[PDB]
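Structure first, then comments.
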Protein chains: 2
Amino acid sequence: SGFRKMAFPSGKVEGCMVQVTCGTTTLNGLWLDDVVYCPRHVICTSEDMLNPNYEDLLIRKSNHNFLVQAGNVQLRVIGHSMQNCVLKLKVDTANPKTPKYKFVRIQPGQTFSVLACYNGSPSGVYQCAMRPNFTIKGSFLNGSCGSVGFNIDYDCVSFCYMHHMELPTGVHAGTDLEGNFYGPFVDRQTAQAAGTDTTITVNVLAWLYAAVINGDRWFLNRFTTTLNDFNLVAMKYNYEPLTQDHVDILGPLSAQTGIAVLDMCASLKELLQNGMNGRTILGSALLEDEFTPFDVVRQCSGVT
Amino acid sequence: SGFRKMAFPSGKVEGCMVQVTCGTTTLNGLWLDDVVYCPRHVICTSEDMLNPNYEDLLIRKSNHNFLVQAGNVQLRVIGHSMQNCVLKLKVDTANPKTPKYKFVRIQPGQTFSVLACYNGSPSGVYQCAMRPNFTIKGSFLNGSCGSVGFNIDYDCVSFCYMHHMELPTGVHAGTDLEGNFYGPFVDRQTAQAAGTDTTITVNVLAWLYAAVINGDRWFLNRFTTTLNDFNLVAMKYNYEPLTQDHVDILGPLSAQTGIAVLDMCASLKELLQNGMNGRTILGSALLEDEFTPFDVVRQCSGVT
Ligand SMILES: CS(=O)(=O)NCCc1ccccc1
Ligand SMILES: CS(=O)(=O)NCCc1ccccc1
Ligand SMILES: [Cl-]
Ligand SMILES: [Cl-]
């Protein structure tokens, strides 16, 4: 029993982290097979970051300008290319610790683990969601750029995020491993406001299911609702609209607890309209939205 | 910027997890050098768990009865001994992935990471505190026994916890790696109630410091207090008493933010007496107590 915000075991990713230095700028890179991936702004001075033309800056950079250190050992750079907002540095040595991996672009609402790194060395691991405004709420200090987000299916690491940026509001923006920003963000020291950080409704519902399973029952009410009625309340409370695709995904949690999805929606509706009245659910005083239905099934079944 | 509940990178510990089977019971063991550590109740049937005499049960167990599997490879058991509530199985092969390690008995209020494991395979990592009643609030299903809690100082893993038990209230009890239970708990299927789960005051204060650093300011008030006045309010709210040792430990956070510890105490006092009024601090609607002062310094400075 018990339900915790849980990250993937990070070992497989720890084995991929390197330090990348280009001039005076040091950040992290991801070493998979014989390629190091890092944010392209490794080539920039803080002065370059105002209006950087990256192709122009990269003309002044050769293979030997990129310093790649894995542990306390230098890697030989034998090729470099820009892909979107990432540099792919080819090195003359395959990472002997390359796990099975995929690059995946996630959707808003999807959760992933972050291995926070400084100088190619892991400091910590935490669980995040891609927010509906394509920001993440991370923990990232200077030097943390190139720290990655990932999911693991048994032995295959799916890399979904690389850290590039803090917005002036202190939320985080980054790319997939093809170097494509989540959301409208660009890697420039310029005005970039996030949109509405709405609540991930399907995730709240999953976590209410996790609560019931784990014995937190008090919020269960006498009501049901419809998707249309629930969505009117969702809109008012800056909750993402619930679709039948979300209902479908919650099916296994519904089946276990014998609580129909629409009934759990009616209990969420009452929680939105009446608040917690100083009560807690799985040790939270607010409705948690960084557990997917898949996360809840995984944790409550014990997949490894 | 940003402040997250962060676990230690788990790789070094993942390299130590094995499966231990004794008869029909499978749980996890920790393989350090040429010793496997596991909960002694590996020898028990659920029928044995009612009033187990462990020395008597262990007479019916030889080296070959303990099945130790590291990955998909069997280890040869060449010796076994009971230490308190743990079995130490000597194996004929040092764990080639043994990190630098210490066994440490932590105090209530101290935080640690848990690598949740099933059949010797890691499922997840999360951050816990030893509660003042010597329980932890974990995420542990059947098969998770022998999952360990740890801190890391650079390259040295300090092992502080091994998982043994769920209490009927669904909170968790276990041992240090010398097999000594935290708190009064025993490894028996019997009546065991936890005491008062008080709030770890020094940890709340640290997290209020983390909040200020990260730009959450709204709760800062116009008041100060004394340890004696604060402690009267603490008592009423089932907060641990604050000592001058706690004040001393918060010194570095006080110095950074130029907020005297007693001033932060006065702001905590007002939060206890007036509530959050529907507001949040570092995305929490309640006062978080699972960050130590050391955790806050580590995360806010970026130790690796
Ligand atoms: C090259 S640096 O040392 O000055 N750091 C870059 C951080 C940054 C990334 C994207 C946009 C704004 C800033
Ligand atoms: C030996 S088992 O399969 O039945 N599981 C033991 C779990 C347990 C541990 C301590 C006290 C009560 C129960
Ligand atoms: Cl950086
Ligand atoms: Cl178990």
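Nothing in this text is a laboratory measurement; each read-out follows from the coordinates by a stated rule. Cβ sites come from the backbone with ideal geometry, for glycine too, and all protein chains shown count toward neighbours.
Tabulated values for the structure
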{"read-out": "Position A:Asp245, label points 7 Å along Cα→Cβ, spacing to each other copy in nm (shortest first, one decimal)", "value": "5.5"}
{"read-out": "Per-pair calculated FRET efficiency, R0 = 30 Å: B:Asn142 and A:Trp218 via Cβ, rounded to 0.05", "value": "0.70"}
{"read-out": "Degrees, to the nearest 10: A:244-257 long Cα axis against longest axis of chain A", "value": "60 degrees"}
{"read-out": "Shielding of B:116-124 by partner chains, average beta-carbon count, 10 Å", "value": "6"}
{"read-out": "Separation in nanometres of the label points that stand 7 Å from Cα toward Cβ, at A:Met49 and B:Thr169", "value": "4.8 nm"}
{"read-out": "Equivalent ellipsoid dimensions for chain A as semi-axes, Å, which come from the Cα gyration tensor, largest first", "value": "41, 21, 14"}
{"read-out": "Loop sites in the range A:1-108: GluC sites (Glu not before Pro), DSSP, at most 16 other Cβ within 10 Å", "value": "A:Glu47"}
{"read-out": "Shape category assigned to the range B:198-301 from the gyration tensor of Cα positions, a/c cut at 1.5", "value": "rounded"}
{"read-out": "Per-copy distances of the B:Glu47 label point, shortest first, in nm (7 angstrom along Cα→Cβ)", "value": "8.1"}
{"read-out": "The protein assembly as shown: Cα Rg divided by the 2.2 N^0.38 Å rule of thumb", "value": "0.99"}
{"read-out": "Value of relative contact order over chain A, rounded to a whole percent, pairs C-alpha under 8 Å and six or more apart", "value": "17 percent"}
{"read-out": "Shape of the range A:154-202, Cα gyration tensor, a/c cut at 1.5", "value": "oblate"}
{"read-out": "Overall dimensions of the range B:15-99 as given by Cα atoms, namely Rg and Dmax in Å", "value": "12.3, 38"}
{"read-out": "Degrees, to the nearest 10: A:201-213 long Cα axis against longest axis of chain A", "value": "60 degrees"}
{"read-out": "Sparse-neighbour loop sites [trypsin sites (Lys or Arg not before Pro); the range A:68-104; at most 14 other C-beta within 10 Å; DSSP]", "value": "A:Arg76"}
{"read-out": "Cα-based reach from A:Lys102 at 20 Å (exclusive), listing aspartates and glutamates while leaving out same-chain residues under 8 positions away", "value": "A:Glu14, A:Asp33, A:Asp34, A:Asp153, A:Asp155, A:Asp176, A:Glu178, A:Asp295"}
{"read-out": "Of A:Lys5/A:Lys269; A:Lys90/B:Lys12; B:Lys88/B:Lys137; A:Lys61/B:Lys97, pairs whose Cα-Cα distance is over 32 Å", "value": "A:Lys61/B:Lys97"}
{"read-out": "Mean residue ellipticity (222 nm) of the protein assembly as shown, computed from DSSP H runs ≥ 4 via -39,500 (n - 2.57), nearest 500", "value": "-7000 deg cm²/dmol"}
{"read-out": "Label-point gap, in nm, between A:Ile59 and A:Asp153 - each point 7 angstrom along Cα→Cβ", "value": "4.4 nm"}
{"read-out": "Label-point separation in nm, A:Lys90 to B:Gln273, each point 7 Å along Cα→Cβ", "value": "7.0 nm"}
{"read-out": "Fluctuation leader among B:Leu287, B:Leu75, B:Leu272 - chain B, Gaussian network, Cα springs under 10 angstrom", "value": "B:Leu272"}
{"read-out": "The range A:93-170: C-alpha gyration tensor shape, a/c 1.5 cut-off, then a/b vs b/c", "value": "oblate"}
{"read-out": "Sparsely packed chymotrypsin sites (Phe, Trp or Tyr not before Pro) within the range A:136-173, loop by DSSP, other Cβ within 10 Å at most 10", "value": "A:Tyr154"}
{"read-out": "Residues B:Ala191 and B:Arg76, FRET efficiency given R0 of 41 Å [Cβ-Cβ distance, rounded to 0.05]", "value": "0.50"}
